[PDB]
Each structure stands twice: as structure tokens, then as C-alpha cells.
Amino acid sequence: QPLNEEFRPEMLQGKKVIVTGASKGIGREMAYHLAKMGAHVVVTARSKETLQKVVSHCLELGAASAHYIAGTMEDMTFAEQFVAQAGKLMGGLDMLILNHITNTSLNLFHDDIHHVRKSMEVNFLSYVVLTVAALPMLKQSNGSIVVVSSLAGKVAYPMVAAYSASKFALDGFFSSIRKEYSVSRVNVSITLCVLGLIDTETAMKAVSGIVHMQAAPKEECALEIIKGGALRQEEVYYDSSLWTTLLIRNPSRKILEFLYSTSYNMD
């Protein structure tokens, strides 16, 4: 149910935002941009050193407030406790950016069922848990979920099966939740971010002698995600290219869903 305005940094001033996987990469960048914009901000990841740093820049950059809570999203207790603790810290919640992911490498699949389950737990199941926990507050602010996904979450890829599965799962889970929200008269927006290669310490570390693509700036990536969510869009596409950024849209799907939109009109 996209917005009908144009983005302005002020849409975020005074907004209370959680960003996860917020200690390096895109997550960091989002915190900073929300900082420049004068938002309350709660950030998270496992290492508390690195998080402190981020919290510093954020306060220097302009945040109405800025905290951090360290912990693994491997553990679901923390996930549901983090949310309750963070909505306390800022006194309520406007947007929830689900961004974190478990350490992955590019490698062929030969029997790593530990990695597959782990991907599923951290990259997918935690999202749902956090969303469950944030939903009450989100309702009462008419906030917004943002979810960060990938090419590999829309099309297949050899080096990253466990990761793809997890990303694909988000699409299916949240898109199918997005429907429920419409009919539910639930006024919380769900934005899915599909990204091509992005220049992160980590991404490069894992691709820099295998993949040939040009990667996009982490800084701009982050802003497009904040905006997409601010403008309550359904998908955000971002890739150095524009060939790609136009293909991942799948209108067959737009249709079929529109069609099957009226195979039922019952509660």
C-alpha cells in the first residue's frame, strides 16, 4: 500500500527505530543515516565493542537517543527480550529493520546440515520471532517492518543454497503475511529489500576472487532501505546495474495474486 508523497529526512525525525545486524556493513550505515536524521535508535549484534563505536558516532551525528543491546539472534529468548527492552529504551516503536544474518561463505553444498539449520534459525526464524514481539508496539504507532533480502532470495545461485533458502523463506513468509495484514485491517507496512552485490567488508571477503560484478556503495544502499520503508513500499530494488533492478520484478506474480485475491472474501 505505497505512500503517495516524496521522501524527506524529516519523516524520520523523532521516530523510534530498531536496526539489527547493526554492528558492521549496511546495518551500521542505516544507524548513521537514522542518526543524521534525528531518530531514536536501538542497534544490535553480538559483539558489544563494535556496537559501542556505532552508538558513539550515532549520538555525535544527531540521534534523539541511541542504545545497543548485545546478543546472538541464534537464541530466541534474547530476540523476544531484546524487542521488549528496546521499546522500553525509546518508549515505543515506529520501524523495525530486520537486517542480520549468520556468517556464510561462498562454498559448494556437501552435507552441512548444521549450516542449513543455522541459516534457517538466524536468517529466518529470528525475523518472525522479532516481528511477533514488535507487532504490538508497531500496531499502535502504525509503524513498519523492513526486511533485508537479496538476488539469491529471488533467483537461484550455486555458492549459497542454505542462504538462498533462508532469503526465499522471508519472501514467502512476509509477503504472505502482508496479505493477511490488508484484510486484517492491520496498518503496519511490510517492505522487502532485494539487493544485488553491495560493498561490505564481509561481502567482499566472501566473493572477491570468485564474483565479477561491480558492487554498489554501502552508504546509498542504506538510505534507499530507510526511504523504501519510510514510503511504505513493498519492495526496494538496489544493484549497481539497472538491467537487474528491473528484471527481479515479477508481474506474473503481481497478476496471479491479484487474481487469486478473490478466490475467497470470507473471514
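Numbers follow the displayed sequence, beginning with 1. We call the rigid core the largest set of C-alpha positions that still match within 1.5 Å between the two forms.
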Report task. State which stretch is farther from the displayed form on average in 7 other deposited structures of this protein, 234-242 or 53-61, counting RMS CA distance after fitting on the rigid core. Result -> 234-242
**Report entry** Third-or-more of other entries without residue 211
**Finding:** yes
**Report entry** 202-210 versus 32-40 - greater average Cα B-factor per the deposited record
**Finding:** 202-210
Query raised in the report: Mean CA B-factor: is it higher for 211-219 or for 227-235?
Result: 211-219
**Report entry** Top Cα B factor in the deposited entry, candidates 88, 167, 100, 118
**Finding:** 88
Requested in this report: Check where residue 112 lands among this chain's C-alpha B-factors and tell me if it's the lowest, middle or highest third.
Outcome: highest
Query raised in the report: Ranked by Cα temperature factor within the chain, is residue 154 in the lowest third, the middle third or the highest third?
Result: lowest
Query raised in the report: According to the PDB entry, is the CA B factor of residue 69 in the bottom, middle or top third of its chain, that is, lowest, middle or highest?
Result: middle
Query - Relative C-alpha B-factor of residue 54, binned into the chain's lowest, middle or highest third - result: middle
Requested in this report: Can you work out whether the C-alpha temperature factor of residue 242 puts it in the lowest, middle or highest third of the chain?
Outcome: highest
